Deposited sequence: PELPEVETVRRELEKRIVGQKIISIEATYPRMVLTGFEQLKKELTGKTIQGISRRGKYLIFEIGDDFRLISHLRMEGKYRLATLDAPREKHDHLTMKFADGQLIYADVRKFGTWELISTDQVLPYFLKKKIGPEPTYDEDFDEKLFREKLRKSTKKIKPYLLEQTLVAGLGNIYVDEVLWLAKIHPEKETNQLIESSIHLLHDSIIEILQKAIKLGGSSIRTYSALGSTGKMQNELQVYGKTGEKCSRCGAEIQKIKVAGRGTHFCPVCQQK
């Protein structure tokens, strides 16, 4: 998932597990608990969930005053709320058992991660990863964005995916954003002009906020409607909305890349 899907999960979890005391925690794949499963089980068992936050694509469980559980779903992670007698499914790895239900984490590819960190270490955790601003008008400053693009020789799509210019874009929404902003994915950022950068900035905010409103593109968060609004991603060979052309797919920095050549010339 990307930021809109993680935000949709965050909102549903916030509605349902805040206030719940953790009765037990079980793992069939403890290796995804990067800080140590036995330590996490000891610290969090018997604690009450106080809230669920998000930063970029990271989910942040607020569990007691002094701990946060930082969860990343990577490529295929999925959460579901199940009854206590729910049968185990093949790719379930972790479960947080409450008195009247359980939160189960599944991940076919086993990429997703859990990290237990103390409350006063959350901001340093994200500083160390150099995560960029949240994609909102209030947080995403166009002036700094423009300066960073000017000083770099990177291609725009890889640079946006690095999470350092702005947080939360993945392969789907970066393709949608560059189509909407009429920018080639291999455009070198120091060749972007101010009016293009302005449109890119606004387009990032607008696409991600619309995606959040529509519940993401498609367990929790599986009821999104943003997939019906995608213009280029996964649409290889189909006609662009700025009509005439067919959507092409190339490889850029090892990622499948969907774009409309006429609309996105360098």
For this session: Could you name the stretches of the deposited sequence that have no C-alpha atoms in this structure?
Result: 138, 220-224
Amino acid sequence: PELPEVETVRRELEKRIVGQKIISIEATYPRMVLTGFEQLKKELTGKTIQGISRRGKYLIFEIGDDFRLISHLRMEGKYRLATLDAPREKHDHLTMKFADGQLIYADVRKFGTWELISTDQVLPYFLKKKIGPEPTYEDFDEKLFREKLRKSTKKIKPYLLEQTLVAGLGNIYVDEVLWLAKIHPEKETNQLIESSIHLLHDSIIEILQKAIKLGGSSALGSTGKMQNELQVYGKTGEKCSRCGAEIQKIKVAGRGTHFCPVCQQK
From here on, numbers count along this sequence of modelled residues.
Exercise. Going by the B-factors listed in the PDB entry, is the mean over the C-alpha atoms higher for 242-250 or for 14-22?
Worked result: 242-250
Exercise. Would 156-164 or 188-196 have the larger average of its C-alpha temperature factors, as given in the entry?
Worked result: 188-196
Problem set entry | 63, 60, 214, 33, ranked by C-alpha B-factor: the highest one | 214
Seminar exercise, completed: Sorting the chain's modelled residues by C-alpha B-factor and splitting them into thirds places residue 228 in the highest
Seminar exercise, completed: residue 235: C-alpha B-factor third of its chain, per the entry, is the highest
Exercise. Thinking about Cα B factors across the chain, which third does residue 39 belong to?
Worked result: highest
Exercise. Going by the entry, which third of its chain does the Cα temperature factor of residue 118 land in?
Worked result: highest
For this session: Report the third (lowest, middle or highest) to which the CA temperature factor of residue 150 belongs, ranking only the modelled residues of the same chain.
Result: middle
